[PDB]
Protein chains: 2
Amino acid sequence: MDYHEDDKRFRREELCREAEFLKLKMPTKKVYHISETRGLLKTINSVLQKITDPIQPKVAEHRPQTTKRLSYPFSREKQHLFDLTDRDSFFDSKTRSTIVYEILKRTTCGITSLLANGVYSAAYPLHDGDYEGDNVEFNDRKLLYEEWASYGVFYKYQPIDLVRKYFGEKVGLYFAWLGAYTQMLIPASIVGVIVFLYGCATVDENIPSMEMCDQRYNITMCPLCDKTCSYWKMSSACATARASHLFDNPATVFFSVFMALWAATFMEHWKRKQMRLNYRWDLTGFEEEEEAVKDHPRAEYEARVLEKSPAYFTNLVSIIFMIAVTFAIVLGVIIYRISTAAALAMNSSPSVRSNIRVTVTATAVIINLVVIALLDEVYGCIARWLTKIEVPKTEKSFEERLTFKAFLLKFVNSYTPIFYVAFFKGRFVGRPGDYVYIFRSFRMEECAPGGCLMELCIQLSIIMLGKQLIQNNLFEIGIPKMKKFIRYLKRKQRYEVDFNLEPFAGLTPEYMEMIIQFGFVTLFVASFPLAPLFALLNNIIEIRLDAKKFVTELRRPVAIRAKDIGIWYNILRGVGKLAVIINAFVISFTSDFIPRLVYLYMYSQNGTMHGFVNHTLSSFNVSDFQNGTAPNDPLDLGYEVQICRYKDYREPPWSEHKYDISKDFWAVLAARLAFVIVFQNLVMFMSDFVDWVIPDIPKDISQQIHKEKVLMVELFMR
Amino acid sequence: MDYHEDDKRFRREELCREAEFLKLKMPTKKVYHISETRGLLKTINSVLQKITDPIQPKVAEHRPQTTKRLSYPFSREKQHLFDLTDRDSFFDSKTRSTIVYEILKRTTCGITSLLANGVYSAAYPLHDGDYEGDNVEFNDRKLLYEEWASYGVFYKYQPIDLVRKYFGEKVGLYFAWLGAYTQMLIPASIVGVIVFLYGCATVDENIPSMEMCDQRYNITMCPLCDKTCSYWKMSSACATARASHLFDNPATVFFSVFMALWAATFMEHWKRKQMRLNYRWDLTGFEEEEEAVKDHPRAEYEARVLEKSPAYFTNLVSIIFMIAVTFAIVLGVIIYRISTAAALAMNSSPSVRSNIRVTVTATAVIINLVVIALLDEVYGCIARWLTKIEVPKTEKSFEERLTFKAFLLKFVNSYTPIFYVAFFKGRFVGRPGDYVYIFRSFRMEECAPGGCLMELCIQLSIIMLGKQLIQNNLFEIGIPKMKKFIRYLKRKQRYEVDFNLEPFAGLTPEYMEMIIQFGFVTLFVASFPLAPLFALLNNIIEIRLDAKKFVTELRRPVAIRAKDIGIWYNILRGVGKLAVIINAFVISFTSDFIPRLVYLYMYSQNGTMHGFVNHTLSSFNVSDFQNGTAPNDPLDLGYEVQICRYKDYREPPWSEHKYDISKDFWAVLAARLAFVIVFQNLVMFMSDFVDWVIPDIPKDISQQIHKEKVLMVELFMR
Ligand SMILES: [Ca+2]
Ligand SMILES: [Ca+2]
Ligand SMILES: [Ca+2]
Ligand SMILES: [Ca+2]
């Protein structure tokens, strides 16, 4: 008895009298083409539509889409707009749904203001067919859930054509983009594990690792705490140092070059795939501007200046946005400063002494992650509020400005931890003699023994494991399900089952999360190789997970059309242009690559290197400490202390210069900047060259569109 | 008696019998629409055409151009393709000429192969009307020569519409581009002379100039020659040093930032002007691909592999092109090395002693300029030959590849003088103790006293004066005129007068020369401000000069159509992207800006600077010379010599280190690279931001194209 319907509405069964008055007035506008029909239920009833056929011809030449034809060149039919195809039973419920949605948009108060009132609840099309049923008559939703949206069929491809024709163009483009993303993430991940195993095959045969773990030399160290620690041996940090060697060999620079070139070729390959996709569907997705009705506060402000009687308002909301994002980055760095106070002075009062010193930084990044998720929530909501106060012109413009503001907020708050740990961790602290004070209090911030890269490597590694594979996937699969179970604490028609499903929130969260992952996996690959492995695993989970989400825990979308990806290809190009200038900085300002090379070239006095640590570790006469800055226990853990060493490129204390800037500091900084210059310029040239040499329209469409134009112009005479 | 004609041909009046046989066969193809007519003359006769009217309707819907309409919105008529306008006497001779040229192209052997044979000479349309006559009946060529192409009307604008409608789209776009170029060159030139007068207003009040010209201190100098000179005083070079101060103040960095931002906004403004221009003419210049007949050796090679039975050939001609351009840059630097041997050892044997030392470098750049003009000729001819051996597909592809190869050749051979003088002049010579030998002969190359910038400044200044204002303009106005006078050593119908005029050589020389000038005036503005002044003068001459050239000493062009500028906007964007990375290098590696700033910041021990020269001038004990490297006359010109000074950032000889690399050398190199990094990254961001924030379609076309589409769709019903 379930007939052929389209795009139900909501009636609010028992101001409310004004609400039902307009909810009966506007259906007189809505029966200008199609008479409605209503429904019955137990909670609250609703309205419904039954389109008759020629109305879709009445708007089809008014909304010209290139539907199917009768002819075919080479066993692949061509497409034309609307004339004399006349099959009369060949439309699709996606097309019929977006047509009747267009008609619902056509009414004027419009339907958007009606939804903003509360006279309705939601007006969304109905899903055709119950998935995973007992005897269900092969509808495309159930077939798609069977063969696309469960993890057993993760190994085979994605049915792009059917997911488009059932969900519309936007979700089809998004999932085809995720498919191209994973398939281009495959070879970069394979070369990533190749360079990782190169690191493991030279985890021993490199020299400074052995020079660090060679015992009996009793290489002491300055305490790197204000007062609550003592001197110690570098060979106690040799484990983390040998671990750090794994990521910064002279092959990780090749890996970084490969990943930047990979971002370039992925961008070009996705342009080509999207062009072929738009060929395989509607030949253009071009629609005439101002198709949407102008937004409600636009016309309200029009009437306001009509009763009142500008250029300052966009600029003032832009500068207050700049103040917002600057307070956001400062709040990110101060919340990382707070996260450095995870367990301050556990030695003195608690004295539990778990003796790991990898669990404390893990606790720090854990509390940073939970507070930054909360700040993501606050920034998203207040950014949506601010873009509402924007009063933008159209929904395309409002949506673009909103997603730009929200991506800038999310990007800065979820990247300034890693940026701060890379380039502002110990670059600012003074020498062992004197330390810079934070609001005249004490030492600012100092980082772990055995390289300052490994802290960032572990933080980024477990941010990529946790907040992508585990945390975000599990909360996305759980939180709407848990809201459903909360309501579940509190026959079955297709409207009746479609009411309880979750409303749609757009494509912005999936785009935003995947672009955050892209920002990781092309901004911080040089210090941390095998980021494409975790991005591959998250994507393998994510495509089928969000497929299952769409087909099970989501109401039917409205199936809008847009041949462009959106703002997100521009944001991808932006992150790809930022990738080289941050990879250069991470190689030349965190890794031990460039000092290793400059010591191999200049001060070697031999073929290969030896005593590199014995070269960089400048000493410090312990008589020259400041008052109070002495360690509380010169315990003589090993040999003895008379001096302490530290690798800050300074002169020895016995020189007439005491602890000033030595020359080799200027030498290594010169070589560092020389590498940044040559790296950035050369590989930026190589990126723009591999974008020039790649055609953006391949040799299979470039002739074929003209060939079907030949077929059209030869048929069109008579 | 001069009736209404179109596009004459050439008949070769008395193999030759085969020549006249095909020259009678193909006119049977050519009378498929239009019967010909012939002519009589004294030297050698010709053929001619008289189009009848409806043939242009017969190809007009076949070649759809948006001609004029009958209606108008807002006193500006709209345009439509070809239906029911029916004025029957409204075509233009430009349109009729390109139509009959299209018909001449339509014949198959085609007309291009016929011109390649020699059976013809040339087939070009006729100019309508003799310019500057006594009683001439107001034809557009004479009017255009009166009011556009003579230097008295240089002060007013350019008539873009009429020069298009008389010459076609390509020359119209070119001259409108030159107009936009000059009009956007105006404000950059004004700010250039502002920063120049700032330099003149601080030519005295800066400190190191006074510290150089302060006498009685007897600041000696190392000889900077192998053997044939002596020591000397820096105050003898203080004149050129005070001149050098004029160009490298801390305001020339602002000027360089302004010029790079100017290149960005000129690019955007020219995109906007070209878009508005294409609105003001044909709404699209889009034509269906493969409109041209495939090239002759393409089909010949098709038949060759048809009788013979690839991917290697494009790659082998590309690598041989790379070998060609590498030999070109090496030949440029070796010809500058030869040009350094202008007058070697004039002191010893000739002893004329003109005592200028500005005339010798002028002679060097003069001989470099004449030999590089000869090399331009050789490279252009052999590059045309190589692109013929390319066997390209179409004339668009062949022309693009040819102009790319020729521009790369011309650009490298006419820029490696300035690049070599900037960044490879004295950066490679050793210390005064030991010098690097060129093929174990003697000292490589050393540059002038009083800064090494001023040599480049004078060389670039007089290359911009001579080889743009004087030499190229005078040879372009002279050489075809002189060939005409050579033939002049050896009634008057329009064909009869049109035969003796010069054939057309395309737009590539004017584009190429103007892009070379752009490359100067945005690649080397930082060292040499007021390059926009000379570019403004050359352009003010050049627009009216080439206008006069077109309308007087040039046959009528064929008036092809293309809505794009061509490859030249891409080449402009390329030079604009190279501009920042070469301006950064010229500021931080030739100027005295960044060492001035690093001495102002670090080693000052005072507020402002003093003894900057006394800081950089490291000394040299004269006992430590090599054998033979001593000067031939320790003449004691002034005080006395016991040591010689030189500004190469080395330690004094009395240190236990003798003449090694000092620390402050590493310091200033670090600061240099830091400035290159911050400059390049910041202003590249500012360029891409000022390209983002500028819309590429203004608010006067964006609505108006849709408004005339509204008019078209409202008229088109009935
Ligand atoms: Ca997730
Ligand atoms: Ca997700
Ligand atoms: Ca010239
Ligand atoms: Ca010229």
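Residues numbered from 1 in each chain as written, not as in the entry; some residues may be left out. Chains lettered and ligands numbered in written order. Heavy atoms only, no water.

A short note on the overall build of chain A
Across its full length, chain A carries 24 helices and 4 strands. Here chain A holds 718 residues, and the buried ones make up 43% of them. Element-wise, carbon and sulfur atoms account for 62% of the exposed surface of chain A, whose accessible area totals about 39,300 Å². Averaged over its 86 positive side-chain charges, chain A has a centre that lies 2 Å from the centre of its 80 negative ones. (Helix = DSSP H or I, 4+ residues; strand = E, 2+ residues; numbered from the N terminus. Buried < 20%, exposed > 50% of the residue type's maximum accessible area, 1.4 Å probe, protein only. Areas by Shrake-Rupley, 256 points an atom, 1.4 Å probe, with all protein chains shown as cover. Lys, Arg positive; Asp, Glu negative; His and termini not counted. Charge placed at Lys NZ, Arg CZ, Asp CG, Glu CD.)

Quick notes on the coordination of the calcium ion (ligand 3)
All names here are of chain B. Bound to the calcium ion (ligand 3) are the protein donor atoms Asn 472 (OD1), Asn 473 (N), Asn 473 (OD1) and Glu 513 (OE), situated 2.5 to 3.0 Å from the metal. In this structure, the calcium ion (ligand 3) is positioned 3.6 Å from the calcium ion (ligand 4), and both are ligated by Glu 513. Overall, the relative accessible area of 5% leaves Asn 473 in the buried class. (Donors = N, O, S within 2.8 Å, 3.2 Å for Na, K, Ca; no water.)

Side note on the pattern of salt bridges
Overall, the coordinates contain 38 salt bridges over all chains when judged by the stated rule. The partner of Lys 271 of chain A in a salt bridge is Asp 696 of chain A, with the nearest N and O atoms 3.0 Å apart. Take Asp 696 of chain A: its relative accessible area is 25%, and that puts it in the partly exposed class. Two residues, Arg 561 of chain B and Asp 282 of chain B, come together in a salt bridge whose shortest N-O distance is 3.0 Å. Exposure remark for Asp 282 of chain B: the relative accessible area of 9% places this residue in the buried category. Connected via shared salt-bridge partners are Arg 63, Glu 102, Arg 106 and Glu 291 of chain A. (Salt bridge = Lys/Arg side-chain N within 4 Å of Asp/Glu carboxyl O.)

Here's the deal with a positive patch on the surface
Where like charges cluster on the molecular surface, the positive patch consists of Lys 294, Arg 298, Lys 393 and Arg 401 of chain A together with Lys 699 of chain B. Along the chain, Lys 699 of chain B falls in the loop between α23 (663–692) and α24 (704–715). (Patch = residues over 30% accessible without salt bridge, like charges linked within 9 Å, V, L, I, M, F, W, Y side chains within 5 Å.)

With respect to the coordination of the calcium ion (ligand 2)
Between any two of four tetrahedral donors, the ideal angle at the metal is 109.5 degrees; between two of six octahedral donors, it is 90 or 180 degrees. Residue and element names in this part refer to chain A. Bound to the calcium ion (ligand 2) on the protein side are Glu 476 (OE), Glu 476 (OE), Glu 510 (OE), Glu 513 (OE), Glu 513 (OE) and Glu 542 (OE), at distances that span 2.5 to 3.1 Å. Each of the 6 donor atoms around the calcium ion (ligand 2) contributes to a set of angles spanning 45 to 174 degrees, which defines the coordination as irregular. In this model, the calcium ion (ligand 2) sits 3.6 Å from the calcium ion (ligand 1), the two metals being bridged by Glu 513. Of this pair, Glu 510 and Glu 513 both sit in helix α18 (residues 508–523), 3 residues apart, roughly one helical turn. According to the relative accessible area criterion, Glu 513 is buried, its value standing at 10%. (Tetrahedral: all angles 85-135°; square planar, octahedral: opposite > 155°, others 65-115°.)

With respect to the domain arrangement of chain A
Where the parts come together, the accessible area they lose is often given as the size of the interface. Residues and elements named next belong to chain A. You can read the domains of chain A as domain 1 (16–124) and domain 2 (160–595). Computed over C-alpha atoms only, the centres of domain 1 and domain 2 are separated by 40 Å. With 14 residues of domain 1 at the interface, the matching set in domain 2 holds 16 residues. Put simply, domain 1 and domain 2 have 2 salt bridges between them. Its salt-bridge partner being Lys 165, residue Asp 92 comes within 2.4 Å of it at the nearest N-O pair. Connecting domain 1 to domain 2 are 6 residue pairs in polar contact. Its residues placed into classes, the side of domain 1 that touches domain 2 shows 5 nonpolar, 5 polar and 4 charged. (Domains from an automatic or database assignment. Contact = heavy atoms within 4.5 Å. Polar contact = N/O pair within 3.5 Å; in protein donor to acceptor, adjacent residues only side chain to side chain. Nonpolar A, V, L, I, M, F, W, Y, C, P; charged D, E, K, R; others polar.)

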